[PDB]
Structure formats: structure tokens, C-alpha cells
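What follows is a set of notes on a single structure, which appears directly below.
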Amino acid sequence: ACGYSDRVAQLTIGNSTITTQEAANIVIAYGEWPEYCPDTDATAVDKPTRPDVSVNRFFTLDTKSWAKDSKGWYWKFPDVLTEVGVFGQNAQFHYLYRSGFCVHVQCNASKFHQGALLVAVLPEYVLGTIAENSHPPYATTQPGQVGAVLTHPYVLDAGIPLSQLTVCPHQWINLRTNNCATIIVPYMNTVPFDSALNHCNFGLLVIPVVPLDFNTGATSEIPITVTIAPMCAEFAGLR
Amino acid sequence: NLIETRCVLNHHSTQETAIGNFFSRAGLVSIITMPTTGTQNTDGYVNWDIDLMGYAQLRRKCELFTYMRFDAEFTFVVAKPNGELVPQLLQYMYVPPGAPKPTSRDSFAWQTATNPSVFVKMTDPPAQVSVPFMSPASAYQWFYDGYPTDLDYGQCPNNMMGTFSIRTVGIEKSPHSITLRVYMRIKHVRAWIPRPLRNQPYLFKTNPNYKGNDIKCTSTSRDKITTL
Amino acid sequence: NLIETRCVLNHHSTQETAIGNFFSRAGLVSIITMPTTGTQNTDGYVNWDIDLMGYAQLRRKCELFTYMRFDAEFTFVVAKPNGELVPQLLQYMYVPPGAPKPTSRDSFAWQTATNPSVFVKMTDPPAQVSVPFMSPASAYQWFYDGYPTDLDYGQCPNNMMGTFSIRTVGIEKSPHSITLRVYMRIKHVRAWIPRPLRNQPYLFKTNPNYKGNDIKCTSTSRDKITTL
Amino acid sequence: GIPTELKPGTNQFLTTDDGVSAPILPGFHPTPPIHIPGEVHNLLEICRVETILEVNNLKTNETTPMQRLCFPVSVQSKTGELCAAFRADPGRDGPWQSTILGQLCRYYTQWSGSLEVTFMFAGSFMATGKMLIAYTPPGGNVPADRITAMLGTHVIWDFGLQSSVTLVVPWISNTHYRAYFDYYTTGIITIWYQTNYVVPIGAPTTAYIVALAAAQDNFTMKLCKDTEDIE
Amino acid sequence: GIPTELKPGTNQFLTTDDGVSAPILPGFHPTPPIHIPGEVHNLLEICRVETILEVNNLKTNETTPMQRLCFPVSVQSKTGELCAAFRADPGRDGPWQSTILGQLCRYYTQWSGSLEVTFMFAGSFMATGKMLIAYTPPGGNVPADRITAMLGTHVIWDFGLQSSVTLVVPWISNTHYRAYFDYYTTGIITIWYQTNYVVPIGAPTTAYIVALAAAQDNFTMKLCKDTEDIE
Amino acid sequence: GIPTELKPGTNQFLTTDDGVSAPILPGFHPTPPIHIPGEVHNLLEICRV
């Protein structure tokens with residue numbers, strides 16, 4: 001998406017701005033654009049709440065340091081922002097929820113660093129332990145803002161090959177070229193409005209297929225900043 | 001081996017690969033046995049929850065997708081444990097989701113009109129029926145990254161497909177030992193969201209847990225990157 | 001419990017609630033048994049008055065209305081008491097209202113041409129028949145606040161639907177003990193005047209008497225009007 | 001001789017197969033119908049009919065059941081004190097089991113739509129006072145007190161002006177399953193004493209309210225199943 | 001009574017017969033569908049999706065599997081020395097078993113069409129150098145050395161200019177039979193060090209390449225059959 | 001081979017079923033009718049007498 005030799009821009013949304021480079025190479029999940037839920041009897045006697053106030057802006061998650069041995073990271077949506085800003089209290093005080101996303105991933109490194117990060121989105125990202133029966137904890141199943149680290153990235157902590165994750169809206173980050181990705185994600189469920197707390201419609205993964213390498217003496221940790229922007233986010237109160 | 005002979009110079013029909021034909025064909029999903037008396041048959045009835053994650057072969061095929069909608073067709077092959085057929089009258093009752101299941105060989109559960117039952121003699125050719133898309137949601141889903149309220153993590157109850165109550169008709173018990181094979185065939189298939197294929201032995205019906213002590217490599221190994 | 005999760009945001013089909021589908025589906029209304037010899041079978045025949053108030057579940061459903069018109073369909077499931085089927089020939093004679101009922105295993109009543117009979121072997125698949133709207137009045141009625149002439153209070157004879165005379169064919173008696181299940185399915189339904197649903201255990205087929213010593217509250221009770 | 005092959009299913013009797021059995025009496029002409037008022041076509045026609053809610057379902061009431069149809073309000077009550085509460089769980093045990101609706105749900109599995117609960121004051125035409133009807137949405141926290149409930153969806157009811165008032169539950173949903181549990185998404189209702197009960201000399205210091213509910217035109221139901229109401 | 005005669009086949013159940021069984025629930029109305037992105041209509045839609053090739057499938061790699069997704073290149077390597085090789089045998093054991101394609105072949109018998117293998121260099125933006133990607137057609141002799149391979153179909157890849165490059169296998173074919181043998185008509189691929197790996201002071205002397213493949217629009221498949229991938 | 005399934009009722013003889021049995025004598029031509037006075041069509045014709 002975004003890489004060297006692209007006119008630097010300054011995208012502003014609400015009370016927030018990010019200096020990101022304009023690169024018309026954005027990933028649009030399953031060839032769809034985030035829209036406003038089709039008429040469903042539930043929001044016919046209870047119109048959907050669409051806070052454009054401090055909910056439609058640019059949320060920046062605490063950067064993550066990338067070292068030679070980092071195994072990967074992941075975030076659950078909407079869980080990640082459930083605890084963040086009005087996007088939290090709004091998604092909580094309102095039973096039902098529905099929203100799409102502009103997901104931006106970005107590295108900062110020298111032209112003497114090297115590494116390859118795969119960035120994909122996976123609907124219904126259920127995980128499994130090492131086992132006897134035992135469903136994963138609540139702290140790793142719904143990590144929130146901080147996210148969680150992958151333990152066995154080869155099977156994606158879900159008994160399924162990483163080698164095949166590109167069958168999903170992915171985006172590569174090859175320091176040697178670009179240094180940032182962008183993904184448009186449309187709401188995906190088996191019902192128009194689900195529960196903003198119980199269910200996580202999808203998971204975001206940032207895995208380093210090609211480890212980070214440099215010659216000692218150069219910054220040993222590469223930052224990986226992730227900015228999130230809700231698109232057409234509605235909420236049903238039912239009152 | 002690798003006999004590099006006989007080259008196919010004609011493209012094949014795209015119909016083959018179509019999800020419809022991929023997920024077609026009837027298949028054995030369950031085998032119930034009601035012998036006269038031994039361990040679990042001093043009863044004379046069986047309650048089988050329509051379970052698809054029964055045979056990993058079928059399951060791994062589905063797991064290829066996140067959400068799936070479809071109609072099913074069921075056929076009942078019945079004969080004694082040794083292949084013999086006798087003039088025994090059978091009753092298969094379909095217990096719809098959120099409906100009372102038989103608990104006794106004669107629970108009133110067997111008389112309830114809303115639980116559709118099918119009658120057929122053992123000599124009669126196999127009984128066949130089509131059970132719709134019972135899900136309350138727009139489609140079944142093999143994965144639910146959430147909670148339905150943790151031990152109940154990933155469990156989606158919007159998938160419950162119903163139960164089949166088998167048993168022999170008659171006040172008395174049946175003098176014969178039975179063993180019926182249940183075949184299921186998906187009709188009208190539609191899939192959304194294709195996900196990575198399984199590459200670790202399955203360890204549970206309800207989740208995707210894998211033996212983390214023994215993680216297997218998707219592709220065989222070789223000596224050198226050049227030995228071919 | 002009360003897991004306030006998974007909200008249904010789509011209206012359901014009004015067809016479901018339609019009186020037609022409410023009062024559809026075949027259901028067991030009677031079970032007759034003609035064992036070889038014991039208490040009431042040294043005869044070899046049965047007279048069953050087509051009775052709907054047989055199973056309270058069905059009855060309470062009807063009682064929801066005052067007047068009801070409809071066609072019925074009957075299916076006969078027959079096998080020995082233990083589910084076994086033998087090559088035994090059976091005769092089911094329909095004795096129309098105001099018609100002479102068999103009294104003996106060989107009453108001339110069985111030969112009368114006007115009493116339509118159906119013949120079928122026990123091995124033959126179940127016998128099925130449709131019996132119309134036999135009532136002399138424009139519709140059946142579950143309630144008659146009057147007298148048909150007091151011990152005969154509320155009894156409406158304009159509801160009599162006929163009788164079914166079952167028995168095994170042949171001069172001699174049948175060597176087998178039989179037990180047949182009678183299923184009935186209402187076709188072409190029409191209801192008028194909807195009345196309050198039953199809320200007291202039924203005590204009689206012919207009337208709405210209730211145990212006045214023990215009158216049960218329609219809804220469970222709780223401690224305070226605020227404890228919820 | 002037309003070539004035919006019997007396929008699986010042959011000879012089976014499916015208690016839910018819609019076919020035609022032969023006419024037992026072909027020469028018979030059924031007594032033709034006539035016209036009778038009050039014909040019913042769809043149960044919903046009945047569910048839209050308000051019936052009495054047994055909000056005063058107290059164990060203490062079972063011997064004098066009539067009392068369960070209405071609940072009381074008196075002067076003794078202080079302003080701001082809770083009068084009553086109950087969730088909008090039609091298909092579930094409680095107050096609703098006395099309504100025509102609450103019952104007809106037991107005969108089905110899923111259902112959803114809007115409901116309207118009505119309250120009718122019956123005290124003497126000389127009393128006044130206000131009540132605060134408040135709806136607490138599904139998953140919501142039950143009103144802590146009169147003020148915390150005034151900030152949620154409510155209706156101040158001066159029964160000194162209107163002897164009756166109606167509230168509408170926006171939406172509810174039930175998806176029945178076994179394990180027996182209800183995926184019932186329902187809110188709660190609370191009646192608060194906005195003002196104390198006021199009456200002059202000569203009028204009864206204790207009045208009563210009758211609660212009634214029913215489905216609205218968007219309420220539906222699917223999947224029949226014999227109830228557990230009888231024995 | 002219509003005259004009919006039962007022909008051979010009557011009463012049989014063919015696990016592959018397409019007929020209509022009766023509806024178990026005729027009065028039921030299935031929860032209507034909605035719209036959901038990412039619907040799939042034909043597996044091929046997926047086979048055209050590039051996935052990772054495990055070209056570095058070394059027995060030494062099984063304990064640190066991640067390593068198998070990419071292979072290395074260093075300065076130590078001299079110009080003209082072989083870097084790697086592997087045949088284009090999707091349905092057959094080896095590197096391809098990690099690709100979505102390599103897998104979906106196991107679920108079929110025959111197949112044929114074009115494939116495109118891609119190579120993406122990940123080293124530091126300061127290194128340069130050339131690689132010689134060479135395709136050795138089916139039945140062909142494996143390149144003896146860099147020069148004998150330059151005379152066959154190839155592609156000089158200066159990763160100092162393009163961080164990625166794509167090769168296309170023209171055609172392959174598999175006609176599966178038992179005796180287990182494959183009538184697989186496939187070529188081989190070789191990566192040669194056209195020039196030595198060049199880097200200035202401060203940049204890693206060892207970089208990595210990720211290989212990815214997938215079918216092209218003319219790739220097809222026929223005859224399903226349950227795989228031997230599970231247990 | 002036309003796919004057909006035998007439904008309940010198969011093989012029964014309902015003394016009131018109106019069907020067609022085969023002609024025992026297909027080559028036979030019944031003695032044609034003639035005209036005879038006093039034909040009756042409905043018993044009521046007689047009850048009015």
C-alpha cells in the first residue's frame with residue numbers, strides 16, 4: 001500500500017490527524033465497502049444510533065516494539081476499542097452493535113533494516129490451547145487494546161497453517177519497499193446487529209514471516225503503530 | 001512415483017469444482033446400534049443429536065468456510081447386526097430444536113404431534129426425509145469467536161439442528177438387535193468467507209484445540225533445498 | 001435461565017401462526033389392543049367412537065374456539081404388541097353416525113354395504129382414509145350451553161363423528177395379538193369465536209368441571225411485587 | 001406398462017406429509033356451511049388482544065387469586081418509592097402467564113415484535129398523583145431509584161388527568177433451546193411513586209391499577225410445539 | 001388404475017442419486033438469508049489465490065517450522081551457484097503441501113492448467129544482486145549449471161530493482177492412478193546466483209525470499225475424492 | 001424409470017372407492033339398450049307419489 005516515493009499526506013478526522021503517505025494501494029476486504037445496515041424489523045420500531053461525534057475519528061493504539069525474536073501479535077474487534085473512548089461507553093450502553101473499519105498498520109525503520117510482516121484479517125478468529133479439554137482464557141480470547149502475542153504462529157494458535165492465511169484480506173509489509181498497510185473491513189455476521197461485548201466479528205493479525213534483521217548498533221526494536229477508524233458504526237438501544 | 005507421460009491437453013469442467021458438487025453426495029454421519037440387551041439397550045430407544053462434526057473428513061471440508069447455509073436429506077439404512085432384515089416396525093421421531101427429547105422408551109415425548117415422526121417396516125426400502133435450515137440466524141457458522149452469555153467459549157447455539165429419536169414400535173421390547181446407518185446429503189449449498197485448511201489432528205468436536213507438544217509441518221521435509 | 005444474548009432482528013412468517021398450520025400434523029388420538037385372550041378380547045373386534053377430546057393436548061387447543069369445521073384424515077399403524085408384523089388380514093369398517101354398530105365378532109353389521117369398510121394386510125403399508133364433515137349443523141361445537149331434550153346438559157349430539165370397527169378377517173379367531181395406533185390429521189380448518197384458554201386440570205371428557213377445592217393460579221407466584 | 005422405479009421413502013408414513021387419503025364417503029354431501037361472526041384466521045389476531053397481567057403474583061395471593069389481577073397504591077407510600085416491577089418475558093413464567101399472549105407463546109418456539117403494556121387507574125374520581133413508568137432495556141441495569149430511572153425511557157403518569165396510560169416495549173426476542181434456557185432479549189418495567197398518593201376527606205386511601213399487555217402488529221411467531229401448561 | 005411395471009433398480013438407495021425426500025417440517029419457514037461479504041461459488045476462486053510455498057522444507061526445519069516459509073541468500077554464496085530447486089508438483093508431496101492449492105488438489109483426481117510462482121525479496125533496501133530463475137520443462141534435464149540453464153526458459157531477477165518477480169509455469173497435468181503413481185507432467189524450477197549478493201557496511205549479509213504460487217484462470221479440476229491429509 | 005414413492009393406503013380395498021377394474025371381456029359388445037317408458041332417475045321422483 002504505502003511505501004517510499006509517495007507524496008506525504010495529512011488525513012484529519014474529528015479532533016485527530018495522522019501524517020500518513022497517500023498510497024492508492026488500499027486493501028478492500030471481500031470486495032466490499034462499509035455501509036449502513038439494510039432494513040431489519042428490529043430497527044423499525046427502534047432506529048439505529050449512529051454516533052458521528054467522538055466515535056468517528058482516528059484511534060491510535062500503543063505502538064509495539066518489534067525485535068528479532070517477536071512471534072507476532074493480534075487484536076480482537078470490537079473488543080480492542082470496547083474499553084477506548086466513547087466507542088466503549090457507546091458500544092456498551094447500547095445492546096446491539098454494527099460497524100466497518102479502516103485499519104492502518106505502519107512500521108518505522110531505517111533503510112539498513114530488513115523484515116517482512118504479513119497483515120491479515122480473519123472473521124471469527126477462535127483459538128485453541130495445547131491440550132485434554134480446556135477453552136482458552138478470557139484474557140487471551142479478548143485481549144482488548146494491548147493485544148496478545150502469538151505463541152505458535154506456524155499454526156496461528158488455531159491448528160491452521162499460517163502458510164495459507166493469504167486466503168484472507170492480507171497486506172504485506174516489506175521494509176525493503178513499502179512500510180505500511182491499509183485495510184477496509186465491511187461488517188460480517190449472520191445477523192445485522194450482534195453483541196458488542198460477547199462476540200468478536202474478526203481478529204487482526206500482524207505476523208513477521210521474515211524475521212527482523214539488522215547489524216547491531218542500529219535500533220534493535222522497530223515500532224509497529226496501528227491506527228483504527230470506524231466506518232458507518234451504528235448501535236441499537238432497544239428502548 | 002512420477003511417470004511424466006500422458007499429458008492432459010484439455011481443460012476440465014468448472015462444474016466439478018463448484019461448491020455444489022464439492023458438497024454433494026450422501027455420506028455416513030452416524031451409526032446407531034440397539035442390540036436386545038448388554039450395556040445401553042435395556043431401554044429400546046436412541047436420541048441422536050444431528051451432529052455434522054462427526055467424521056473429520058466432512059468437518060475439515062466445511063471448516064474451509066466460516067458461514068454455511070443448506071438443506072439436508074436423511075436416509076435410514078436398517079438391518080440386523082449381520083445384514084439380515086426382519087419384518088420389524090420402526091419409528092423415527094424428529095425432535096426439533098428447543099423441544100422435549102424422549103427420556104424413556106415410552107416418554108409422552110413420542111406422542112407429541114409437533115415432533116414429526118416417520119413410520120416404516122424394516123423390510124420397507126430405506127426411509128428418506130429432508131430437514132431444512134433450522135438455524136435462527138441467516139446461516140450456520142463453524143466458528144464463533146465470542147461467548148453466548150470461560151467453558152462456553154466459541155459455542156454457538158444458533159447451529160443446533162435437531163435430534164432423531166429412533167426406537168422399535170410396540171409396547172413390548174423388540175426381539176431383534178438393530179444397527180442402522182444414517183446417511184446425510186447437503187442440498188442447496190452456499191458458502192461465505194473461505195479460511196485456511198486444517199493442518200493439525202483434530203482433538204475435540206467443539207473447538208480447534210491442537211496437540212501443541214506435537215505440531216506437524218504442513219509439507220514433508222527433505223535433506224537439502226536442492227535435492228529434488 | 002435467561003441468557004439475554006442473540007437478538008432476533010427479523011420478523012417471522014405469519015403462516016406459522018395461521019390456524020391451518022396450528023391445527024395440522026397427524027397425531028395419535030387412540031391406541032387399541034386386541035390380544036388373543038385375557039380380559040376384553042375373547043371377542044375379536046373393537047368399536048371405537050371417533051373421539052377427539054381423547055388427549056388433553058389436542059382438546060385444550062380446540063377449546064380455544066367455540067365452533068370448528070374440518071375434514072379429517074386417518075392412518076392405521078398396526079403391528080403386534082412387540083413391533084412385529086405378520087401376514088394377517090385386517091378389516092376396518094366405518095360405522096357412520098346413526099348407524100348400527102357391531103356387537104358380535106360376526107354381527108351382520110360387518111356386511112352392511114352402507115358401512116364402508118377397508119381391507120388391508122398387516123404387511124401392507126398403513127391404511128389411510130379421509131372422513132368429511134359429518135355434522136348436521138354448519139360446524140362442530142365444543143360447547144353447547146343448552147339441553148338436547150339435568151344429566152344431558154351441554155351435550156350436543158350434532159358433533160357425533162362416527163365409529164371405527166376394527167377386527168381380523170376370517171371365520172376363526174386370529175392367532176396373533178394386535179395393537180394398532182390411530183393417527184388423525186385435520187384438513188381444511190375454519191374457526192369462529194376465540195375463547196379463554198383452559199387453566200384448570202381437565203376432569204371429564206363431556207364437561208368443563210374443575211376441582212374447586214384446588215383452584216390453581218394461572219401464573220407462578222413470587223415473594224414481593226418488586227423482587228424480580 | 002409405464003416403466004417406474006421405487007425410490008427411497010416408499011411405504012413410509014410421515015406424520016407431517018401433506019397428501020390425499022381416499023374419501024371414506026364419496027356419495028356424501030357435508031352439511032353446507034353458513035355465516036357465523038367472529039371467524040378467526042391467524043392466532044396473531046388474538047395476540048393483539050390485551051389480556052390481564054398478573055403483576056401481583058404473590059405466594060400470599062394463591063388462596064384469594066382475584067387479588068392477583070391488580071396491585072395497590074396508597075398514601076402511606078412516600079414519594080419516589082418503587083411500586084412494582086416485572087420484566088417483559090411473555091413466554092416465561094410469571095405475570096404474563098395469565099395473558100392470552102403469554103400462553104400462546106408456549107405453543108411456539110421463537111418469536112419477536114413489539115408489545116404494549118397498559119395501566120388503568122381505578123381509584124376514586126377525587127384522588128390525584130403521579131407515577132413514573134420506566135422501561136429498562138435488555139441487558140440494562142435495573143433502576144437504582146426514582147432519579148436514575150428518570151434518565152431512561154419513561155412516562156410520567158398523572159392519573160389525575162388520564163385514568164389510563166400505555167407504554168410500548170420497542171422490541172423483544174426469544175430463541176428457545178434446551179440443556180432449558182431462554183435466549184430471551186427483554187427489558188424490565190418499574191412503577192415509581194413520582195408524587196405521593198393524594199386524596200381529600202371521604203375517599204379511599206388505597207386504590208388499584210390493572211395491567212394489560214398484548215403484541216403489536218409487528219409481533220410474530222414460528223415453530224409449533226405442544227405446551228407444558230397441562231398434565 | 002394406471003398400468004405400470006417396476007424396472008430393475010426399484011428400491012435401491014444410490015448415495016449419489018439426486019431426488020427429493022419429503023419435507024420433515026412443511027409448515028416451517030427457514031430463517032430468511034441476509035447479505036454477507038465473501039461468498040464463494042467455485043473452489044477455483046480460491047486456487048487463484050497465492051499461498052506460501054514451503055520451499056525450505058528441511059528435516060532440520062520441523063522443530064522451527066516458521067523457517068520453512070522462506071529460504072536464505074548470503075554473500076558467502078559464489079556467483080553461479082545453485083540457490084534452490086523444486087518441481088511444480090502441486091498435488092504431490094513437498095513444498096506445495098503448504099499452499100491452499102496444493103491442498104485442494106488432494107480433494108480431486110485429475111487437473112491441469114497454468115500456475116504462477118512468485119518470489120519476493122525481503123533483504124535490506126541497501127543490497128543488490130541478480131538471481132537466475134529458470135524453468136526446466138517436463139521430461140527435461142535438470143540444469144547442469146548456471147550457463148546450461150541460461151539457454152532454457154528463464155528470468156534474470158535484479159532484486160535491486162524489483163523486490164518481487166513472477167514466473168509462470170506454462171502447463172502441467174495430473175492423471176491419478178493406483179498400483180499409487182502420478183501421471184504428473186511437470187517441470188522443475190531452479191534459482192541460481194547470477195551475481196554474488198552485494199551489500200554495503202551496516203546491512204545484513206543474509207536475506208530471505210518468500211515463494212508463493214497459485215493457479216491461473218485456465219487451471220481446472222475433476223473427479224472428487226476424500227483426501228489422505230487427516231487421520 | 002420414473003421415480004415414484006408408495007404413500008400410505010397402497011394395497012387397500014375401500015368398499016367405497018370409485019376406480020376402474022379391468023374389463024373381463026374386452027371384445028364383447030353388450031346388447032345395446034332400447035327405449036322403455038317409466039325410467040327413474042332420482043328416488044325423490046317416487047317420494048312425491
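Ligands are numbered from 1 in the order shown, residues from 1 within each chain, and chains are lettered A, B, ... in the order they appear in the C-alpha cells.
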Item checked: Residues within 9 Å of residue D:87, only C-alpha atoms, excluding chain neighbours under 4 positions, as a PyMOL selection string -> (chain C and resi 228) or (chain D and resi 94-95+136+186-190)
Determine, using only C-alpha atoms, which residues of chain B have any atom at most 6 Å from an atom of chain C, and tabulate each with its shortest atom pair and distance in Å to one decimal place, rows ordered by chain and then rising number, as a Markdown table.
| residue | atom | partner | partner_atom | distance |
| --- | --- | --- | --- | --- |
| B:87 | CA | C:85 | CA | 5.5 |
| B:88 | CA | C:84 | CA | 4.8 |
| B:89 | CA | C:83 | CA | 5.1 |
| B:113 | CA | C:27 | CA | 4.9 |
| B:149 | CA | C:3 | CA | 5.7 |
| B:169 | CA | C:83 | CA | 4.7 |
| B:170 | CA | C:82 | CA | 4.4 |
| B:171 | CA | C:81 | CA | 5.5 |
| B:172 | CA | C:82 | CA | 4.5 |
| B:173 | CA | C:82 | CA | 5.7 |
| B:174 | CA | C:82 | CA | 5.7 |
The selected residues should be written to file as a PDB file, in the first residue's frame (atoms: C-alpha atoms).
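Ended up saving to result25.pdb:
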ATOM      1  CA  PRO B  87     -40.474 -57.620   9.488  1.00  0.00           C
ATOM      2  CA  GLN B  88     -39.927 -55.252  12.426  1.00  0.00           C
ATOM      3  CA  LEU B  89     -41.808 -51.936  12.617  1.00  0.00           C
ATOM      4  CA  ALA B 113     -47.715 -34.161  17.318  1.00  0.00           C
ATOM      5  CA  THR B 149     -23.728 -15.484  27.733  1.00  0.00           C
ATOM      6  CA  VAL B 169     -42.761 -49.712  17.828  1.00  0.00           C
ATOM      7  CA  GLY B 170     -44.787 -51.786  20.257  1.00  0.00           C
ATOM      8  CA  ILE B 171     -45.496 -51.866  23.972  1.00  0.00           C
ATOM      9  CA  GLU B 172     -43.044 -54.748  24.400  1.00  0.00           C
ATOM     10  CA  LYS B 173     -39.366 -54.681  23.514  1.00  0.00           C
ATOM     11  CA  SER B 174     -38.126 -55.805  20.097  1.00  0.00           C
TER      12      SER B 174
END
Next item on the list: Starting from chain A, keep only residues with some atom at most 10 Å from an atom of chain E, counting only C-alpha atoms, and report them as number ranges by chain.
Entry: A: 29-33, 37-38, 40, 71, 110-117, 152-155, 161-168, 173-177, 185-192, 208-218
Got a sec to pull out which chain B residues are within 6 Å of chain A, counting only C-alpha atoms, and send them as a compact mmCIF listing (two decimals) with C-alpha atoms, in the first residue's frame?
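Dumped to out.txt:
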# COMPACT_ATOMS: atom_id res chain seq x y z
CA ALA B 137 -29.52 -16.84 12.16
CA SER B 138 -29.11 -16.29 8.40
CA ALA B 139 -26.61 -19.18 8.27
CA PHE B 143 -16.72 -20.57 14.30
CA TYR B 144 -17.96 -18.09 16.91
CA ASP B 145 -15.11 -16.01 18.33
CA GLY B 146 -17.39 -14.91 21.15
CA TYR B 147 -19.43 -16.14 24.12
CA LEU B 151 -16.22 -23.00 29.31
CA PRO B 196 -7.10 -21.76 5.91
CA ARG B 198 -6.76 -27.68 8.93
CA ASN B 199 -3.18 -28.92 9.34
CA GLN B 200 -3.22 -30.36 12.86
CA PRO B 208 -9.96 -26.19 17.33
CA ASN B 209 -7.54 -27.34 20.03
CA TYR B 210 -4.33 -28.99 18.76
CA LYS B 211 -1.56 -31.01 20.43
CA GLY B 212 0.93 -28.15 20.94
Per residue of chain C within 8 Å of chain E, note the shortest atom pair and the distance in Å to one decimal, counting only C-alpha atoms, and order the rows by chain and increasing residue number, as CSV.
residue,atom,partner,partner_atom,distance
C:12,CA,E:31,CA,7.7
C:13,CA,E:29,CA,6.6
C:15,CA,E:27,CA,7.6
C:16,CA,E:27,CA,6.5
C:21,CA,E:27,CA,6.0
Next item on the list: Write out as an NGL selection string which residues come within 12 Å of residue B:134 when counting only C-alpha atoms, dropping same-chain ones fewer than 5 positions away.
Entry: (:B and (50 or 69-72 or 95-98 or 139-140 or 157-163)) or (:D and (109-110 or 175 or 222-223)) or (:E and (24-25 or 28-33))
Item checked: Those of stretch 2-122 of chain C in DSSP strand (DSSP E or B), formatted as a ChimeraX atom specification -> /C:18,27-34,45-49,65-79,84,89-95,117-121
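For the pair atom CA of residue D:45 and atom CA of residue C:219, the separation is 22.9 Å.
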Margin query: Just want the 10 Å neighbourhood of residue A:5, counted on only C-alpha atoms, with same-chain residues fewer than 2 positions away dropped. Output as a PyMOL selection string.
Written below: chain A and resi 2-3+7-8+21-23+177-178
Given the selection you just returned, output its residues as a file containing N, CA, C and O atoms, formatted as a PDB file, in the first residue's frame.
ATOM      1  N   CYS A   2       1.262   1.666   1.198  1.00  0.00           N
ATOM      2  CA  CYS A   2       2.081   2.854   1.413  1.00  0.00           C
ATOM      3  C   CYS A   2       3.575   2.535   1.507  1.00  0.00           C
ATOM      4  O   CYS A   2       3.997   1.743   2.350  1.00  0.00           O
ATOM      5  N   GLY A   3       4.367   3.163   0.640  1.00  0.00           N
ATOM      6  CA  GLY A   3       5.804   2.940   0.642  1.00  0.00           C
ATOM      7  C   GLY A   3       6.606   4.126   0.131  1.00  0.00           C
ATOM      8  O   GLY A   3       6.040   5.168  -0.190  1.00  0.00           O
ATOM      9  N   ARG A   7       3.795  11.006  -2.185  1.00  0.00           N
ATOM     10  CA  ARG A   7       3.538  12.303  -1.558  1.00  0.00           C
ATOM     11  C   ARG A   7       2.894  12.194  -0.177  1.00  0.00           C
ATOM     12  O   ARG A   7       1.760  11.729  -0.050  1.00  0.00           O
ATOM     13  N   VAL A   8       3.620  12.635   0.849  1.00  0.00           N
ATOM     14  CA  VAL A   8       3.135  12.600   2.229  1.00  0.00           C
ATOM     15  C   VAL A   8       1.845  13.407   2.389  1.00  0.00           C
ATOM     16  O   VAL A   8       1.732  14.524   1.878  1.00  0.00           O
ATOM     17  N   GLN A  21       1.353   8.698   4.414  1.00  0.00           N
ATOM     18  CA  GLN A  21       1.632   8.900   2.999  1.00  0.00           C
ATOM     19  C   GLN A  21       0.519   8.369   2.105  1.00  0.00           C
ATOM     20  O   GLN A  21       0.100   7.218   2.237  1.00  0.00           O
ATOM     21  N   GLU A  22       0.058   9.215   1.188  1.00  0.00           N
ATOM     22  CA  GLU A  22      -1.010   8.864   0.257  1.00  0.00           C
ATOM     23  C   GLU A  22      -0.565   7.814  -0.759  1.00  0.00           C
ATOM     24  O   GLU A  22       0.183   8.115  -1.690  1.00  0.00           O
ATOM     25  N   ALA A  23      -1.036   6.584  -0.570  1.00  0.00           N
ATOM     26  CA  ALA A  23      -0.700   5.477  -1.459  1.00  0.00           C
ATOM     27  C   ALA A  23      -1.963   4.732  -1.884  1.00  0.00           C
ATOM     28  O   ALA A  23      -2.464   3.878  -1.148  1.00  0.00           O
ATOM     29  N   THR A 177      10.663  -2.091   0.721  1.00  0.00           N
ATOM     30  CA  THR A 177       9.809  -1.347  -0.202  1.00  0.00           C
ATOM     31  C   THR A 177       8.843  -0.471   0.585  1.00  0.00           C
ATOM     32  O   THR A 177       9.233   0.581   1.098  1.00  0.00           O
ATOM     33  N   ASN A 178       7.586  -0.900   0.673  1.00  0.00           N
ATOM     34  CA  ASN A 178       6.587  -0.154   1.434  1.00  0.00           C
ATOM     35  C   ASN A 178       6.890  -0.296   2.937  1.00  0.00           C
ATOM     36  O   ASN A 178       7.822  -0.994   3.325  1.00  0.00           O
TER      37      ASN A 178
END
Next item on the list: Select residues of chain F: the criterion is any atom within 12 Å of an atom of chain B, counting only C-alpha atoms; output as a list in words.
Entry: residues 5, 6, 7 and 8 of chain F
Closest atom pairs, chain F residues within 9 Å of chain E, only C-alpha atoms, as CSV:
residue,atom,partner,partner_atom,distance
F:1,CA,E:7,CA,6.6
F:3,CA,E:19,CA,8.3
F:19,CA,E:1,CA,7.0
F:20,CA,E:1,CA,6.3
F:21,CA,E:1,CA,7.5
F:22,CA,E:1,CA,8.8
Output file for the selection above: C-alpha atoms, as a PDB file, in the first residue's frame:
ATOM      1  CA  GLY F   1     -37.630 -45.460 -14.954  1.00  0.00           C
ATOM      2  CA  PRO F   3     -39.134 -42.102  -9.753  1.00  0.00           C
ATOM      3  CA  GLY F  19     -61.999 -46.778  -9.579  1.00  0.00           C
ATOM      4  CA  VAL F  20     -61.795 -48.809 -12.734  1.00  0.00           C
ATOM      5  CA  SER F  21     -61.327 -52.541 -12.699  1.00  0.00           C
ATOM      6  CA  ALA F  22     -60.226 -54.175 -15.927  1.00  0.00           C
TER       7      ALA F  22
END
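Of note, atom CA of residue A:108 and atom CA of residue A:74 are spaced 19.0 Å apart.
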Checklist line | helix (DSSP H, G or I) positions in chain F, given as a ChimeraX atom specification | finding: /F:44-47
